[PDB]
């Protein structure tokens, strides 16, 4: 449908943010349907430059389910055509009583997440660290995912985590007795797991609502903007430091962290891969390590894709200070609940949330220095 998908752009060189609305081959997006093909191209580019290869669904995916009290266990086996298999068993915490006719809405929470989950939503606890370890650079190629695909598989730890989420949703589709509404699945995580949750929502289209919390550099911040922050004296995490600190990105990314303008994507395009589905991310200006200006500018740039698709209110961003890292401030519960209410609970909640305190330290956000495109009105359904 999309023709030959570009995964490498050898001649690319753009110090500003890559344009969401033009394909690698120079074709301008015109229809809402065009975004499907552009998202597939962005997927290939992100895999090639920074995330490694995301394997497709394997030939063997089996699931069994059992429940004790209000806790379900979803036992998953995944296997390749060469007979290799791995197994993992996430748990689900259920609300009590009769579920809705179509099952409970569900949030997949990376290691439990750090947001309050409303009482009518089930929580699946995903041990992403067991799927792909993330202690330090020493963790490269370690985890269940690599016991299936091999320790030298190019998938980053975050890409391995996505693969696991995709197997969980496969298992839920195959297991109606788990009583989950598979059309109302969200994902969340905080800090390094918030980087993971953004990757999951971007790459796994069956996720209705994505909630990254204080994800920082490699999450809802942009590489190019964080480079600008660190060059101007903000003590931010940036691409150069992050690839030496852990294994959240492919080893191939090391070849580009000093040459960011040659990368034909940034994390505004990563975030835009969630479109036309819903996402709200939350940031904290108390920690310059999280690169506050970069997140605001990056999500402002990503927002133009939802704007061009006529669904601006499906994308939210709320950035405040005054609380510890991954502590949830009660002041943002209304904004969080608005998105859960609308996109997981089918309520008529308004979701116009795009706010910052502009506390960016030694830099300012100047959209004209970073966003070079006008937002088109994409046509059609």
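Positions refer to the first chain, counted from 1.
Participant: Given the B-factors recorded for C-alpha atoms, which segment has the greater mean, 69-77 or 303-311?
Facilitator: Higher of the two, by average CA B-factor, is 69-77.
Participant: Take the C-alpha B-factors listed in the entry for 162-170 and for 116-124, compute each mean, and give the stretch with the larger one.
Facilitator: Higher of the two, by average CA B-factor, is 116-124.
Participant: If I read the C-alpha B-factors straight from the PDB entry, which of 179, 191, 134, 237 is highest?
Facilitator: By C-alpha B-factor in the record, 179 ranks first.
Participant: Sorting 208, 293, 198, 101 by Cα temperature factor from the record, which one lands on top?
Facilitator: The C-alpha B-factor peaks, among 208, 293, 198, 101, at 101.
Participant: Taking the entry's C-alpha B-factors for this chain, is residue 297 in the lowest, middle or highest third?
Facilitator: Tercile = lowest for this residue's CA B-factor.
Participant: Lowest, middle or highest third: where is residue 82 by Cα B-factor in its chain?
Facilitator: Within its chain, residue 82 is a highest-third residue by C-alpha B-factor, going by the deposited values.
Participant: Grab the CA temperature factor for residue 57 from the record and place it in the lowest, middle or highest third of its chain.
Facilitator: According to the entry, residue 57 has a C-alpha B-factor in the chain's middle third.
Participant: In terms of the CA temperature factor given in the entry, to which third of its chain does residue 44 belong: lowest, middle or highest?
Facilitator: Middle third.
Participant: Relative to the other modelled residues in the chain, which third contains the C-alpha temperature factor of residue 92: lowest, middle or highest?
Facilitator: It falls in the top third of the chain.
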